[PDB]
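Let me begin by presenting the structure, written as structure tokens, before commenting on it.
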Amino acid sequence: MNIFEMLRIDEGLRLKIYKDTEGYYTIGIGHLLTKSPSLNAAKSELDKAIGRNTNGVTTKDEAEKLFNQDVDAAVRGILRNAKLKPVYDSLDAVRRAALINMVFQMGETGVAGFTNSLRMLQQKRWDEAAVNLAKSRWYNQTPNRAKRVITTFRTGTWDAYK
Ligand SMILES: [Cl-]
Ligand SMILES: [Cl-]
């Protein structure tokens, strides 16, 4: 397993514009287009993202290209974030993927706010971080996914995804 496969499992793949768990327009593999309620606004961002008149639909290749870009951007954002980098640097490979997953979902700013959890992860206090992480809106809103990610931090294995 690897980060791509992990995220493809968590986000799925949709080739037509759709609304995410929060009601926002998205496309592909969890690529958020806009938080605006307007579908036209969404089609416009799509077109801008793809570089053609899409009319709300993408091909598999195009969606995978957005995904590649989004994963890359996620890693890069972590490595440039003062609160995040040190955490990520301290982790083993599997766990780093768990961190990336979270930043892809919630943004780096959103993850950088789990201060308490981050410290625990940095200290390698797995069970404790797992419990702290669960005390969040994130876990209450998307519990199955949060649970997989959390298990991943807790165990350092991919069992949650097998
Ligand atoms: Cl883009
Ligand atoms: Cl979920």
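Going by the structure tokens order, chains are called A, B, ..., each with residues numbered from 1, while ligands are numbered from 1 in the order shown.
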message = So that I can check the surroundings of residue 122 (chain A), please list as a VMD selection string every protein, DNA and RNA residue that reaches within 12 Å of it, counting only C-alpha atoms and ignoring chain neighbours fewer than 4 positions away.
response = chain A and resid 83 to 92 95 to 96 99 115 to 118 126 128 to 129 153
Store the residues of this selection in a file with N, CA, C and O atoms, as a PDB file, in the first residue's frame.
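Writing the result to selection.pdb gives the following:
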ATOM      1  N   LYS A  83       4.897  24.002  12.017  1.00  0.00           N
ATOM      2  CA  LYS A  83       4.308  23.137  13.001  1.00  0.00           C
ATOM      3  C   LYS A  83       4.337  21.718  12.496  1.00  0.00           C
ATOM      4  O   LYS A  83       4.539  20.787  13.226  1.00  0.00           O
ATOM      5  N   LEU A  84       4.156  21.569  11.209  1.00  0.00           N
ATOM      6  CA  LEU A  84       4.105  20.222  10.657  1.00  0.00           C
ATOM      7  C   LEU A  84       5.392  19.448  10.341  1.00  0.00           C
ATOM      8  O   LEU A  84       5.545  18.236  10.527  1.00  0.00           O
ATOM      9  N   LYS A  85       6.327  20.140   9.788  1.00  0.00           N
ATOM     10  CA  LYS A  85       7.502  19.458   9.356  1.00  0.00           C
ATOM     11  C   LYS A  85       8.221  18.583  10.345  1.00  0.00           C
ATOM     12  O   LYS A  85       8.690  17.505  10.046  1.00  0.00           O
ATOM     13  N   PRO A  86       8.380  19.113  11.531  1.00  0.00           N
ATOM     14  CA  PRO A  86       9.074  18.412  12.549  1.00  0.00           C
ATOM     15  C   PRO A  86       8.328  17.193  12.908  1.00  0.00           C
ATOM     16  O   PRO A  86       8.948  16.195  13.193  1.00  0.00           O
ATOM     17  N   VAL A  87       7.032  17.232  12.830  1.00  0.00           N
ATOM     18  CA  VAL A  87       6.316  15.995  13.131  1.00  0.00           C
ATOM     19  C   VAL A  87       6.579  14.942  12.093  1.00  0.00           C
ATOM     20  O   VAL A  87       6.868  13.789  12.326  1.00  0.00           O
ATOM     21  N   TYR A  88       6.327  15.326  10.923  1.00  0.00           N
ATOM     22  CA  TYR A  88       6.522  14.433   9.799  1.00  0.00           C
ATOM     23  C   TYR A  88       7.944  13.888   9.791  1.00  0.00           C
ATOM     24  O   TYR A  88       8.210  12.673   9.631  1.00  0.00           O
ATOM     25  N   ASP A  89       8.908  14.791  10.036  1.00  0.00           N
ATOM     26  CA  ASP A  89      10.317  14.270  10.050  1.00  0.00           C
ATOM     27  C   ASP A  89      10.535  13.195  11.094  1.00  0.00           C
ATOM     28  O   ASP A  89      11.353  12.288  10.945  1.00  0.00           O
ATOM     29  N   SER A  90       9.802  13.270  12.201  1.00  0.00           N
ATOM     30  CA  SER A  90      10.022  12.254  13.236  1.00  0.00           C
ATOM     31  C   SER A  90       9.365  10.930  13.020  1.00  0.00           C
ATOM     32  O   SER A  90       9.670   9.917  13.742  1.00  0.00           O
ATOM     33  N   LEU A  91       8.439  10.905  12.074  1.00  0.00           N
ATOM     34  CA  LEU A  91       7.707   9.662  11.877  1.00  0.00           C
ATOM     35  C   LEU A  91       8.298   8.664  10.945  1.00  0.00           C
ATOM     36  O   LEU A  91       9.083   9.033  10.065  1.00  0.00           O
ATOM     37  N   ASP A  92       7.855   7.412  11.117  1.00  0.00           N
ATOM     38  CA  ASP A  92       8.183   6.325  10.215  1.00  0.00           C
ATOM     39  C   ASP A  92       7.294   6.498   8.928  1.00  0.00           C
ATOM     40  O   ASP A  92       6.327   7.279   8.842  1.00  0.00           O
ATOM     41  N   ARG A  95       3.354   5.980   9.060  1.00  0.00           N
ATOM     42  CA  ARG A  95       2.674   7.118   9.735  1.00  0.00           C
ATOM     43  C   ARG A  95       2.717   8.426   8.971  1.00  0.00           C
ATOM     44  O   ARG A  95       1.865   9.279   9.086  1.00  0.00           O
ATOM     45  N   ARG A  96       3.796   8.631   8.230  1.00  0.00           N
ATOM     46  CA  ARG A  96       3.890   9.887   7.433  1.00  0.00           C
ATOM     47  C   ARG A  96       2.709   9.897   6.430  1.00  0.00           C
ATOM     48  O   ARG A  96       2.148  10.970   6.165  1.00  0.00           O
ATOM     49  N   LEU A  99      -0.306  11.179   8.062  1.00  0.00           N
ATOM     50  CA  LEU A  99      -0.289  12.641   8.189  1.00  0.00           C
ATOM     51  C   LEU A  99      -0.640  13.323   6.874  1.00  0.00           C
ATOM     52  O   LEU A  99      -1.376  14.317   6.817  1.00  0.00           O
ATOM     53  N   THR A 115      -2.691  20.661  17.749  1.00  0.00           N
ATOM     54  CA  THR A 115      -1.474  20.821  18.482  1.00  0.00           C
ATOM     55  C   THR A 115      -1.179  19.754  19.445  1.00  0.00           C
ATOM     56  O   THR A 115      -0.055  19.313  19.597  1.00  0.00           O
ATOM     57  N   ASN A 116      -2.180  19.479  20.256  1.00  0.00           N
ATOM     58  CA  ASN A 116      -1.998  18.465  21.262  1.00  0.00           C
ATOM     59  C   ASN A 116      -1.664  17.079  20.664  1.00  0.00           C
ATOM     60  O   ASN A 116      -0.727  16.352  21.114  1.00  0.00           O
ATOM     61  N   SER A 117      -2.409  16.686  19.624  1.00  0.00           N
ATOM     62  CA  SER A 117      -2.195  15.381  18.994  1.00  0.00           C
ATOM     63  C   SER A 117      -0.827  15.282  18.374  1.00  0.00           C
ATOM     64  O   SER A 117      -0.190  14.226  18.408  1.00  0.00           O
ATOM     65  N   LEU A 118      -0.445  16.371  17.736  1.00  0.00           N
ATOM     66  CA  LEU A 118       0.851  16.486  17.051  1.00  0.00           C
ATOM     67  C   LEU A 118       2.013  16.248  18.029  1.00  0.00           C
ATOM     68  O   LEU A 118       3.012  15.564  17.769  1.00  0.00           O
ATOM     69  N   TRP A 126       1.534   6.627  20.990  1.00  0.00           N
ATOM     70  CA  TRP A 126       0.496   6.210  20.012  1.00  0.00           C
ATOM     71  C   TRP A 126      -0.958   6.153  20.473  1.00  0.00           C
ATOM     72  O   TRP A 126      -1.884   6.739  19.869  1.00  0.00           O
ATOM     73  N   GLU A 128      -2.214   7.415  23.222  1.00  0.00           N
ATOM     74  CA  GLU A 128      -2.696   8.687  23.647  1.00  0.00           C
ATOM     75  C   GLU A 128      -3.041   9.589  22.520  1.00  0.00           C
ATOM     76  O   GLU A 128      -4.017  10.318  22.602  1.00  0.00           O
ATOM     77  N   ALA A 129      -2.207   9.599  21.496  1.00  0.00           N
ATOM     78  CA  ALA A 129      -2.528  10.495  20.384  1.00  0.00           C
ATOM     79  C   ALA A 129      -3.859  10.049  19.757  1.00  0.00           C
ATOM     80  O   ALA A 129      -4.654  10.838  19.322  1.00  0.00           O
ATOM     81  N   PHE A 153      -2.098   5.613  12.689  1.00  0.00           N
ATOM     82  CA  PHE A 153      -1.126   6.262  13.544  1.00  0.00           C
ATOM     83  C   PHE A 153      -0.813   5.389  14.739  1.00  0.00           C
ATOM     84  O   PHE A 153       0.309   5.351  15.262  1.00  0.00           O
TER      85      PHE A 153
END
Residues of region 72-134 of chain A in helix (DSSP H, G or I), written as number ranges by chain = A: 72-80, 85-90, 93-112, 115-123, 126-134
Expected answer as a count of residues only: residues within 12 Å of ligand 2, only C-alpha atoms and all ligand atoms
22
Dump as a tab-separated table the rows for residues of chain A within 10 Å of ligand 1: closest atom pair and distance in Å with one decimal, only C-alpha atoms and all ligand atoms counted, ordered by chain and rising residue number.
residue	atom	partner	partner_atom_place_in_ligand_line	distance
A:31	CA	ligand 1	1 (Cl)	8.5
A:32	CA	ligand 1	1 (Cl)	9.1
A:33	CA	ligand 1	1 (Cl)	8.1
A:45	CA	ligand 1	1 (Cl)	8.0
A:46	CA	ligand 1	1 (Cl)	8.0
A:47	CA	ligand 1	1 (Cl)	9.6
A:48	CA	ligand 1	1 (Cl)	7.4
A:49	CA	ligand 1	1 (Cl)	4.4
A:50	CA	ligand 1	1 (Cl)	7.6
A:51	CA	ligand 1	1 (Cl)	9.6
A:65	CA	ligand 1	1 (Cl)	9.8
A:66	CA	ligand 1	1 (Cl)	6.8
A:67	CA	ligand 1	1 (Cl)	9.7
A:69	CA	ligand 1	1 (Cl)	7.8
A:70	CA	ligand 1	1 (Cl)	8.1
Can you spit out the residues from that selection as a compact mmCIF listing (two decimals), in the first residue's frame, using C-alpha atoms?
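Written out: again19.txt:
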# COMPACT_ATOMS: atom_id res chain seq x y z
CA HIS A 31 -10.25 17.43 -5.51
CA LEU A 32 -12.17 20.33 -3.95
CA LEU A 33 -13.22 22.85 -6.56
CA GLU A 45 -12.94 26.35 -11.51
CA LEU A 46 -12.98 22.93 -13.15
CA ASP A 47 -12.36 24.36 -16.56
CA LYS A 48 -9.58 26.51 -15.17
CA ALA A 49 -8.02 23.45 -13.46
CA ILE A 50 -8.11 21.25 -16.58
CA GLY A 51 -7.34 23.87 -19.17
CA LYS A 65 -3.49 14.32 -12.88
CA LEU A 66 -5.26 16.51 -10.38
CA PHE A 67 -4.61 13.83 -7.77
CA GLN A 69 -0.79 17.45 -8.15
CA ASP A 70 -2.79 17.40 -4.91
task: Tell me, as a PyMOL selection string, which residues lie within 12 Å of residue 19 (chain A), counting only C-alpha atoms; anything in the same chain fewer than 3 positions away does not count.
output: chain A and resi 14+16+22-28+30-39+42
